[PDB]
Amino acid sequence: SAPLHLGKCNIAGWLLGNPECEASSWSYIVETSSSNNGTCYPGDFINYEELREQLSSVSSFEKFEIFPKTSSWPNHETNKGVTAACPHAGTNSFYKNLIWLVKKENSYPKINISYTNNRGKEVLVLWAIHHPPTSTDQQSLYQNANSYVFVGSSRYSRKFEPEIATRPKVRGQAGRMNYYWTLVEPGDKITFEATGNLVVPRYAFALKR
């Protein structure tokens, strides 16, 4: 039946790449009562239950590097987005399938990048939107005070206006990042535009039910 057992992780931690969570087909995902690794940065996983339904069984699943880390972001910083909320063997780390992009040399140029699905299968893309707790953090991370993020395909369209809001400390963090996903149909294009606050895809998933 090719059960998929995720060990001590849940679907969110596995797909985002929680470093503590470090399969090509399955008829069901084993549900346990003792998994203790999920999302490590506080924030809401939007439409998580719908994603679990979409992934309940898949006949083909392949992770691929949708936006290669070393070539996709030449004017942004790719190696500083780590946090004690997402440890990896005690070190500050982060989700392995996303990159927490930050400013480079006191500048955050506009991002405008697209992926066109040439795979003949649906592509599942995940990203996150960071809401810092203070204007100090907004400036430290992204330079620009008033940013936006747009994500659009033929099926999905949303403009995000990141907020500055001090929230209760969770895993040391008074900010939040909300997690998002969409399925990109074969032949379609997904575009990401941003002037700050975008936790970009690095790895995405080609799949067939």
# chains A, B, ... in the order shown; residues from 1 in each chain; ligands from 1
>>> residues_around(residues="stretch 147-161 of chain A", least_positions_apart="4", cutoff="8 Å", atoms="only C-alpha atoms", output="NGL selection string")
:A and (129 or 182 or 184 or 188-198)
>>> write_last_selection(atoms="N, CA, C and O atoms", output="mmCIF file, in the first residue's frame")
data_model
loop_
_atom_site.group_PDB
_atom_site.id
_atom_site.type_symbol
_atom_site.label_atom_id
_atom_site.label_comp_id
_atom_site.auth_asym_id
_atom_site.auth_seq_id
_atom_site.Cartn_x
_atom_site.Cartn_y
_atom_site.Cartn_z
ATOM 1 N N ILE A 129 5.377 34.349 4.580
ATOM 2 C CA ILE A 129 5.346 35.810 4.671
ATOM 3 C C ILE A 129 5.726 36.167 6.100
ATOM 4 O O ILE A 129 5.053 35.731 7.038
ATOM 5 N N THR A 182 0.345 26.661 -3.089
ATOM 6 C CA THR A 182 -0.577 26.556 -4.211
ATOM 7 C C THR A 182 -0.078 25.462 -5.140
ATOM 8 O O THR A 182 1.088 25.063 -5.081
ATOM 9 N N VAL A 184 0.496 24.558 -9.053
ATOM 10 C CA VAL A 184 0.683 25.197 -10.351
ATOM 11 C C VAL A 184 0.448 24.140 -11.423
ATOM 12 O O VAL A 184 1.135 23.109 -11.455
ATOM 13 N N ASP A 188 1.452 26.399 -16.750
ATOM 14 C CA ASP A 188 1.188 27.692 -16.126
ATOM 15 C C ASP A 188 2.460 28.258 -15.510
ATOM 16 O O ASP A 188 3.437 27.541 -15.277
ATOM 17 N N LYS A 189 2.407 29.549 -15.193
ATOM 18 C CA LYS A 189 3.512 30.298 -14.616
ATOM 19 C C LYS A 189 3.080 30.825 -13.257
ATOM 20 O O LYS A 189 1.956 31.322 -13.111
ATOM 21 N N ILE A 190 3.963 30.722 -12.265
ATOM 22 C CA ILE A 190 3.753 31.389 -10.981
ATOM 23 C C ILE A 190 4.818 32.467 -10.829
ATOM 24 O O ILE A 190 5.998 32.237 -11.128
ATOM 25 N N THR A 191 4.395 33.652 -10.398
ATOM 26 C CA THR A 191 5.300 34.786 -10.243
ATOM 27 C C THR A 191 5.302 35.245 -8.799
ATOM 28 O O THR A 191 4.242 35.339 -8.165
ATOM 29 N N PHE A 192 6.499 35.556 -8.299
ATOM 30 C CA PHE A 192 6.693 36.146 -6.983
ATOM 31 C C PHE A 192 7.285 37.537 -7.153
ATOM 32 O O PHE A 192 8.351 37.685 -7.762
ATOM 33 N N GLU A 193 6.620 38.551 -6.587
ATOM 34 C CA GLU A 193 7.182 39.895 -6.518
ATOM 35 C C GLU A 193 7.262 40.324 -5.064
ATOM 36 O O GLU A 193 6.361 40.045 -4.273
ATOM 37 N N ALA A 194 8.342 41.016 -4.715
ATOM 38 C CA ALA A 194 8.452 41.409 -3.321
ATOM 39 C C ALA A 194 9.420 42.560 -3.142
ATOM 40 O O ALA A 194 10.428 42.658 -3.833
ATOM 41 N N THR A 195 9.120 43.401 -2.152
ATOM 42 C CA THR A 195 10.057 44.422 -1.692
ATOM 43 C C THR A 195 10.462 44.200 -0.236
ATOM 44 O O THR A 195 11.038 45.097 0.387
ATOM 45 N N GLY A 196 10.221 43.009 0.301
ATOM 46 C CA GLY A 196 10.573 42.636 1.660
ATOM 47 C C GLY A 196 9.729 41.463 2.089
ATOM 48 O O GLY A 196 8.732 41.133 1.457
ATOM 49 N N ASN A 197 10.168 40.782 3.159
ATOM 50 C CA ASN A 197 9.297 39.928 3.978
ATOM 51 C C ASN A 197 8.878 38.619 3.319
ATOM 52 O O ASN A 197 7.969 37.944 3.830
ATOM 53 N N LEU A 198 9.505 38.223 2.219
ATOM 54 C CA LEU A 198 9.149 36.993 1.525
ATOM 55 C C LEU A 198 10.149 35.901 1.873
ATOM 56 O O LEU A 198 11.356 36.064 1.659
#
>>> closest_atom_pairs(of="stretch 125-161 of chain A", to="stretch 78-100 of chain A", cutoff="10 Å", atoms="only C-alpha atoms", output="tab-separated table")
residue	atom	partner	partner_atom	distance
A:125	CA	A:97	CA	9.9
A:126	CA	A:98	CA	7.8
A:127	CA	A:98	CA	6.7
A:128	CA	A:98	CA	8.2
A:129	CA	A:100	CA	9.5
A:130	CA	A:100	CA	8.8
A:141	CA	A:81	CA	9.0
>>> atom_distance(atom1="atom CA of residue A:199", atom2="atom CA of residue A:118")
23.6 Å
>>> select_by_dssp(residues="stretch 49-82 of chain A", states="alpha helix (DSSP H)", output="list in words")
residues 49, 50, 51, 52, 53, 54, 69, 70, 71 and 72 of chain A
>>> write_last_selection(atoms="C-alpha atoms", output="PDB file, in the first residue's frame")
ATOM      1  CA  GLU A  49      -6.172  20.820   6.230  1.00  0.00           C
ATOM      2  CA  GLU A  50      -6.860  21.212   2.499  1.00  0.00           C
ATOM      3  CA  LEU A  51      -3.191  20.492   1.787  1.00  0.00           C
ATOM      4  CA  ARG A  52      -3.341  17.296   3.861  1.00  0.00           C
ATOM      5  CA  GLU A  53      -6.378  16.227   1.794  1.00  0.00           C
ATOM      6  CA  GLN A  54      -4.581  16.948  -1.481  1.00  0.00           C
ATOM      7  CA  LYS A  69      19.633  28.995  -4.108  1.00  0.00           C
ATOM      8  CA  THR A  70      22.969  30.052  -5.576  1.00  0.00           C
ATOM      9  CA  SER A  71      21.671  31.673  -8.776  1.00  0.00           C
ATOM     10  CA  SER A  72      18.133  32.929  -8.138  1.00  0.00           C
TER      11      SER A  72
END
>>> residues_around(residues="residue A:60", least_positions_apart="2", cutoff="6 Å", atoms="only C-alpha atoms", output="ChimeraX atom specification")
/A:24-25,58,207-208
>>> write_last_selection(atoms="N, CA and C atoms", output="PDB file, in the first residue's frame")
ATOM      1  N   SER A  24       8.412   8.486  -2.880  1.00  0.00           N
ATOM      2  CA  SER A  24       7.987   8.790  -4.238  1.00  0.00           C
ATOM      3  C   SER A  24       6.523   8.486  -4.510  1.00  0.00           C
ATOM      4  N   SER A  25       5.867   7.706  -3.659  1.00  0.00           N
ATOM      5  CA  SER A  25       4.446   7.439  -3.811  1.00  0.00           C
ATOM      6  C   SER A  25       3.918   6.865  -2.511  1.00  0.00           C
ATOM      7  N   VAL A  58      -0.658   9.856  -3.290  1.00  0.00           N
ATOM      8  CA  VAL A  58      -0.030  10.351  -4.512  1.00  0.00           C
ATOM      9  C   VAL A  58       0.652   9.190  -5.224  1.00  0.00           C
ATOM     10  N   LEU A 207       4.030  16.437  -8.567  1.00  0.00           N
ATOM     11  CA  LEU A 207       3.243  15.314  -8.086  1.00  0.00           C
ATOM     12  C   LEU A 207       2.104  14.971  -9.029  1.00  0.00           C
ATOM     13  N   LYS A 208       1.627  13.740  -8.874  1.00  0.00           N
ATOM     14  CA  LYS A 208       0.428  13.251  -9.536  1.00  0.00           C
ATOM     15  C   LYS A 208      -0.346  12.428  -8.525  1.00  0.00           C
TER      16      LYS A 208
END
>>> closest_residue(among="A:55, A:102, A:145, A:6", to="residue A:20", atoms="only C-alpha atoms")
A:6
>>> atom_distance(atom1="atom CA of residue A:1", atom2="atom CA of residue A:209")
14.3 Å
>>> closest_residue(among="A:135, A:173, A:117, A:18", to="residue A:204", atoms="only C-alpha atoms")
A:117
>>> residues_around(residues="residue A:166", least_positions_apart="6", cutoff="12 Å", atoms="only C-alpha atoms", output="short mmCIF file (atom, residue, chain, number, x, y, z; two decimals) with N, CA, C and O atoms, in the first residue's frame")
data_model
loop_
_atom_site.label_atom_id
_atom_site.label_comp_id
_atom_site.auth_asym_id
_atom_site.auth_seq_id
_atom_site.Cartn_x
_atom_site.Cartn_y
_atom_site.Cartn_z
N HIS A 131 6.17 38.60 9.34
CA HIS A 131 5.64 39.77 10.00
C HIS A 131 6.50 40.09 11.21
O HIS A 131 6.35 39.46 12.26
N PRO A 132 7.45 41.03 11.10
CA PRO A 132 8.35 41.31 12.22
C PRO A 132 7.62 41.94 13.38
O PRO A 132 6.52 42.49 13.23
N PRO A 133 8.20 41.91 14.58
CA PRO A 133 7.52 42.51 15.73
C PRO A 133 7.72 44.02 15.85
O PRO A 133 6.97 44.68 16.59
N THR A 134 8.72 44.57 15.16
CA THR A 134 9.11 45.96 15.37
C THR A 134 9.59 46.53 14.05
O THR A 134 10.00 45.79 13.15
N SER A 135 9.54 47.87 13.96
CA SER A 135 10.12 48.54 12.80
C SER A 135 11.63 48.36 12.75
O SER A 135 12.21 48.33 11.66
N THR A 136 12.26 48.24 13.92
CA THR A 136 13.69 47.96 13.98
C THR A 136 14.04 46.68 13.24
O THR A 136 15.00 46.63 12.47
N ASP A 137 13.26 45.62 13.48
CA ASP A 137 13.51 44.35 12.80
C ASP A 137 13.18 44.45 11.33
O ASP A 137 13.90 43.90 10.49
N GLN A 138 12.10 45.16 10.97
CA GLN A 138 11.79 45.34 9.56
C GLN A 138 12.96 45.99 8.82
O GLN A 138 13.36 45.54 7.74
N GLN A 173 10.22 33.96 19.75
CA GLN A 173 9.94 34.88 18.66
C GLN A 173 8.68 35.68 18.92
O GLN A 173 7.62 35.11 19.18
N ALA A 174 8.79 37.01 18.80
CA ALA A 174 7.62 37.88 18.89
C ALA A 174 7.06 38.25 17.53
O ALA A 174 5.99 38.87 17.47
N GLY A 175 7.75 37.88 16.45
CA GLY A 175 7.19 37.97 15.11
C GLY A 175 6.53 36.66 14.72
O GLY A 175 6.47 35.70 15.48
N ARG A 176 6.05 36.63 13.48
CA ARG A 176 5.30 35.49 12.96
C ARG A 176 5.62 35.32 11.49
O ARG A 176 5.93 36.29 10.79
#
>>> atom_distance(atom1="atom CA of residue A:12", atom2="atom CA of residue A:110")
28.8 Å
>>> select_by_dssp(residues="stretch 8-171 of chain A", states="strand (DSSP E)", output="PyMOL selection string")
chain A and resi 28-29+60-65+83-88+91-93+98-100+111-116+122-131+149-152+157-160
>>> residues_around(residues="residue A:66", least_positions_apart="5", cutoff="8 Å", atoms="only C-alpha atoms", output="ChimeraX atom specification")
/A:115,201-204
